[PDB]
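> What follows is entry-v5.tsv, made up of TSV, N, CA, C and O atoms and all ligand atoms:
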chain	number	residue	atom	x	y	z
A	1	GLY	N	33.53	166.15	9.74
A	1	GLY	CA	33.20	164.74	9.73
A	1	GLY	C	33.41	164.08	11.09
A	1	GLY	O	33.98	164.69	11.99
A	2	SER	N	32.95	162.85	11.22
A	2	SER	CA	33.09	162.11	12.48
A	2	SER	C	34.54	162.11	12.95
A	2	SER	O	35.36	161.33	12.46
A	3	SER	N	34.85	162.98	13.90
A	3	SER	CA	36.21	163.08	14.43
A	3	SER	C	36.24	163.99	15.65
A	3	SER	O	35.37	164.84	15.83
A	4	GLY	N	37.26	163.80	16.49
A	4	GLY	CA	37.39	164.61	17.69
A	4	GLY	C	38.68	164.33	18.44
A	4	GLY	O	39.66	163.89	17.85
A	5	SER	N	38.67	164.60	19.74
A	5	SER	CA	39.85	164.38	20.57
A	5	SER	C	39.90	162.94	21.08
A	5	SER	O	39.35	162.62	22.13
A	6	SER	N	40.56	162.08	20.32
A	6	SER	CA	40.68	160.67	20.69
A	6	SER	C	41.60	160.50	21.89
A	6	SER	O	41.29	159.76	22.82
A	7	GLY	N	42.74	161.19	21.86
A	7	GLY	CA	43.69	161.10	22.96
A	7	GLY	C	44.06	159.67	23.28
A	7	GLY	O	44.98	159.11	22.68
A	8	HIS	N	43.36	159.08	24.24
A	8	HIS	CA	43.62	157.70	24.64
A	8	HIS	C	45.09	157.52	25.01
A	8	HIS	O	45.72	156.54	24.62
A	9	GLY	N	45.63	158.47	25.77
A	9	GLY	CA	47.02	158.40	26.18
A	9	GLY	C	47.21	158.67	27.65
A	9	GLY	O	47.35	159.83	28.06
A	10	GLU	N	47.20	157.62	28.46
A	10	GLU	CA	47.37	157.75	29.90
A	10	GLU	C	48.84	157.78	30.28
A	10	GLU	O	49.26	157.13	31.24
A	11	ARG	N	49.63	158.54	29.52
A	11	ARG	CA	51.06	158.64	29.77
A	11	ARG	C	51.51	160.10	29.75
A	11	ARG	O	51.78	160.67	28.69
A	12	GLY	N	51.59	160.71	30.94
A	12	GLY	CA	52.00	162.10	31.03
A	12	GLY	C	50.89	163.06	30.65
A	12	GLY	O	49.71	162.71	30.69
A	13	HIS	N	51.27	164.28	30.28
A	13	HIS	CA	50.30	165.30	29.90
A	13	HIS	C	50.88	166.22	28.83
A	13	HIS	O	51.84	166.94	29.08
A	14	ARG	N	50.28	166.19	27.64
A	14	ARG	CA	50.74	167.02	26.54
A	14	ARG	C	49.88	168.28	26.40
A	14	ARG	O	48.66	168.23	26.59
A	15	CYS	N	50.52	169.40	26.08
A	15	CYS	CA	49.81	170.66	25.92
A	15	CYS	C	49.27	170.81	24.50
A	15	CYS	O	49.82	170.24	23.56
A	16	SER	N	48.19	171.58	24.36
A	16	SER	CA	47.58	171.80	23.06
A	16	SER	C	47.90	173.20	22.54
A	16	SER	O	47.96	173.43	21.33
A	17	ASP	N	48.09	174.14	23.46
A	17	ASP	CA	48.40	175.51	23.10
A	17	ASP	C	49.70	175.59	22.31
A	17	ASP	O	49.76	176.21	21.25
A	18	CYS	N	50.74	174.95	22.82
A	18	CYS	CA	52.04	174.94	22.16
A	18	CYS	C	52.35	173.56	21.59
A	18	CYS	O	52.80	173.44	20.45
A	19	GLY	N	52.11	172.52	22.38
A	19	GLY	CA	52.37	171.17	21.94
A	19	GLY	C	53.56	170.54	22.64
A	19	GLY	O	54.39	169.89	22.01
A	20	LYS	N	53.65	170.74	23.95
A	20	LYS	CA	54.74	170.20	24.74
A	20	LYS	C	54.32	168.90	25.43
A	20	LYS	O	53.21	168.40	25.22
A	21	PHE	N	55.21	168.36	26.25
A	21	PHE	CA	54.93	167.12	26.97
A	21	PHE	C	55.42	167.21	28.41
A	21	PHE	O	56.38	167.92	28.71
A	22	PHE	N	54.77	166.47	29.30
A	22	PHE	CA	55.14	166.46	30.71
A	22	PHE	C	54.85	165.10	31.34
A	22	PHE	O	54.22	164.24	30.73
A	23	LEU	N	55.33	164.91	32.57
A	23	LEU	CA	55.12	163.65	33.28
A	23	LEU	C	54.38	163.89	34.59
A	23	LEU	O	53.52	163.09	34.98
A	24	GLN	N	54.71	164.98	35.27
A	24	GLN	CA	54.07	165.32	36.54
A	24	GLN	C	52.92	166.30	36.32
A	24	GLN	O	53.14	167.46	35.96
A	25	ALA	N	51.70	165.83	36.55
A	25	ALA	CA	50.52	166.67	36.38
A	25	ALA	C	50.80	168.11	36.78
A	25	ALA	O	50.63	169.03	35.98
A	26	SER	N	51.24	168.30	38.02
A	26	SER	CA	51.55	169.64	38.53
A	26	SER	C	52.36	170.43	37.51
A	26	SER	O	51.97	171.52	37.09
A	27	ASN	N	53.50	169.87	37.10
A	27	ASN	CA	54.37	170.53	36.13
A	27	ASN	C	53.61	170.85	34.85
A	27	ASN	O	53.92	171.82	34.16
A	28	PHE	N	52.61	170.03	34.55
A	28	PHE	CA	51.80	170.23	33.35
A	28	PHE	C	50.78	171.34	33.55
A	28	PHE	O	50.41	172.05	32.61
A	29	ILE	N	50.32	171.50	34.79
A	29	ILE	CA	49.35	172.53	35.12
A	29	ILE	C	49.99	173.91	35.13
A	29	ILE	O	49.47	174.85	34.53
A	30	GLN	N	51.11	174.03	35.83
A	30	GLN	CA	51.83	175.30	35.92
A	30	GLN	C	52.35	175.73	34.55
A	30	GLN	O	52.90	176.82	34.40
A	31	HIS	N	52.16	174.86	33.55
A	31	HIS	CA	52.62	175.15	32.20
A	31	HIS	C	51.47	175.70	31.35
A	31	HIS	O	51.68	176.57	30.50
A	32	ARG	N	50.27	175.20	31.59
A	32	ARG	CA	49.09	175.65	30.85
A	32	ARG	C	48.72	177.08	31.23
A	32	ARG	O	47.88	177.70	30.58
A	33	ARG	N	49.35	177.59	32.28
A	33	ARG	CA	49.08	178.94	32.74
A	33	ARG	C	49.75	179.97	31.83
A	33	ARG	O	49.15	180.99	31.49
A	34	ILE	N	50.99	179.70	31.44
A	34	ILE	CA	51.73	180.60	30.57
A	34	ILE	C	50.86	181.12	29.44
A	34	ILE	O	50.95	182.29	29.06
A	35	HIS	N	50.01	180.25	28.91
A	35	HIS	CA	49.11	180.62	27.82
A	35	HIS	C	47.96	181.48	28.33
A	35	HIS	O	47.41	182.31	27.60
A	36	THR	N	47.60	181.29	29.60
A	36	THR	CA	46.52	182.05	30.21
A	36	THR	C	46.91	183.51	30.40
A	36	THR	O	47.78	183.83	31.21
A	37	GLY	N	46.26	184.39	29.65
A	37	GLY	CA	46.55	185.81	29.76
A	37	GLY	C	45.99	186.60	28.59
A	37	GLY	O	45.00	187.32	28.75
A	38	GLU	N	46.62	186.47	27.43
A	38	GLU	CA	46.18	187.19	26.24
A	38	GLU	C	45.41	186.26	25.30
A	38	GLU	O	45.65	185.05	25.28
A	39	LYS	N	44.50	186.83	24.53
A	39	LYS	CA	43.70	186.06	23.59
A	39	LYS	C	43.76	186.67	22.19
A	39	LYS	O	43.80	187.89	22.02
A	40	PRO	N	43.76	185.81	21.16
A	40	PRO	CA	43.82	186.24	19.76
A	40	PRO	C	42.52	186.92	19.32
A	40	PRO	O	41.43	186.48	19.68
A	41	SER	N	42.66	187.98	18.53
A	41	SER	CA	41.50	188.72	18.04
A	41	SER	C	40.46	187.77	17.45
A	41	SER	O	40.72	187.10	16.46
A	42	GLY	N	39.29	187.73	18.08
A	42	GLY	CA	38.23	186.86	17.60
A	42	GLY	C	37.61	186.04	18.72
A	42	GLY	O	36.66	186.45	19.37
A	43	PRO	N	38.16	184.83	18.94
A	43	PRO	CA	37.68	183.92	19.98
A	43	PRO	C	37.98	184.43	21.39
A	43	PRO	O	39.14	184.49	21.80
A	44	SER	N	36.93	184.80	22.12
A	44	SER	CA	37.08	185.31	23.48
A	44	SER	C	36.60	184.29	24.50
A	44	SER	O	35.78	183.43	24.19
A	45	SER	N	37.11	184.40	25.72
A	45	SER	CA	36.73	183.48	26.79
A	45	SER	C	35.34	183.81	27.32
A	45	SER	O	34.98	184.98	27.46
A	46	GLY	N	34.56	182.78	27.62
A	46	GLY	CA	33.22	182.98	28.14
A	46	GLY	C	33.00	182.28	29.47
A	46	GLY	O	33.98	181.90	30.11
B	101	ZN	ZN	51.86	174.88	26.38
Transcribe the structure of this file into structure tokens.

Amino acid sequence: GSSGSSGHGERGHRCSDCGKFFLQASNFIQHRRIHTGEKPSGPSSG
């Protein structure tokens, strides 16, 4: 149904892979990497 990523939060940066929170973009970027590596059987990167 009509729905998606509303977000609308210009306060820090929250992760979607795990669900954490950050304040410094950089710190938020170096965090999204930890997830970058292995992928679950099924959905592959394109
Ligand atoms: Zn994360």
> With distances taken over only N, CA, C and O atoms and all ligand atoms, which of A:12, A:33, A:23, A:18 is nearest to ligand ZN 101 (chain B)?
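Smallest separation from ligand ZN 101 (chain B) among the options: A:18.
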> Excluding residue 13 (chain A) and any residue of its chain fewer than 6 positions from it, enumerate the residues within 7 Å of it, using all atoms listed in the file, and give them as JSON, numbers by chain.
{"A": [20, 21, 22, 23, 24, 25, 28]}
> Please return as a PyMOL selection string: the residues of chain A that backbone DSSP assigns to alpha helix (DSSP H).
chain A and resi 25-35
> For N, CA, C and O atoms, I'd like the residues from the last selection saved as a short mmCIF file (atom, residue, chain, number, x, y, z; two decimals), in the frame of the given file.

data_model
loop_
_atom_site.label_atom_id
_atom_site.label_comp_id
_atom_site.auth_asym_id
_atom_site.auth_seq_id
_atom_site.Cartn_x
_atom_site.Cartn_y
_atom_site.Cartn_z
N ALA A 25 51.70 165.83 36.55
CA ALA A 25 50.52 166.67 36.38
C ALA A 25 50.80 168.11 36.78
O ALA A 25 50.63 169.03 35.98
N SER A 26 51.24 168.30 38.02
CA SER A 26 51.55 169.64 38.53
C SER A 26 52.36 170.43 37.51
O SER A 26 51.97 171.52 37.09
N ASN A 27 53.50 169.87 37.10
CA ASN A 27 54.37 170.53 36.13
C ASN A 27 53.61 170.85 34.85
O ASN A 27 53.92 171.82 34.16
N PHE A 28 52.61 170.03 34.55
CA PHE A 28 51.80 170.23 33.35
C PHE A 28 50.78 171.34 33.55
O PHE A 28 50.41 172.05 32.61
N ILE A 29 50.32 171.50 34.79
CA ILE A 29 49.35 172.53 35.12
C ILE A 29 49.99 173.91 35.13
O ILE A 29 49.47 174.85 34.53
N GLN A 30 51.11 174.03 35.83
CA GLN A 30 51.83 175.30 35.92
C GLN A 30 52.35 175.73 34.55
O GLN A 30 52.90 176.82 34.40
N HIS A 31 52.16 174.86 33.55
CA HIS A 31 52.62 175.15 32.20
C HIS A 31 51.47 175.70 31.35
O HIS A 31 51.68 176.57 30.50
N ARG A 32 50.27 175.20 31.59
CA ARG A 32 49.09 175.65 30.85
C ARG A 32 48.72 177.08 31.23
O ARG A 32 47.88 177.70 30.58
N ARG A 33 49.35 177.59 32.28
CA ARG A 33 49.08 178.94 32.74
C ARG A 33 49.75 179.97 31.83
O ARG A 33 49.15 180.99 31.49
N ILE A 34 50.99 179.70 31.44
CA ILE A 34 51.73 180.60 30.57
C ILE A 34 50.86 181.12 29.44
O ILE A 34 50.95 182.29 29.06
N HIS A 35 50.01 180.25 28.91
CA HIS A 35 49.11 180.62 27.82
C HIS A 35 47.96 181.48 28.33
O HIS A 35 47.41 182.31 27.60
#
> Separation of CA of residue 9 (chain A) and CA of residue 44 (chain A), in Å?
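According to the coordinates, CA of residue 9 (chain A) and CA of residue 44 (chain A) are separated by 28.8 Å.
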> Could you work out how far atom C of residue 32 (chain A) lies from CA of residue 17 (chain A), giving the answer in Å with one decimal?
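One can read the CA of residue 17 (chain A) to atom C of residue 32 (chain A) distance as 8.3 Å.
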> I'd like the interatomic distance between atom O of residue 35 (chain A) and atom ZN of ligand ZN 101 (chain B), to a tenth of an Å.
8.7 Å
> Given only N, CA, C and O atoms and all ligand atoms as the basis, pick out the residue of A:19, A:42, A:7, A:1 nearest to ligand ZN 101 (chain B).
A:19
> Between A:26, A:10, A:15, A:46, which residue has the minimum interatomic distance to ligand ZN 101 (chain B), considering all atoms listed in the file?
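Among the listed residues, A:15 lies closest to ligand ZN 101 (chain B).
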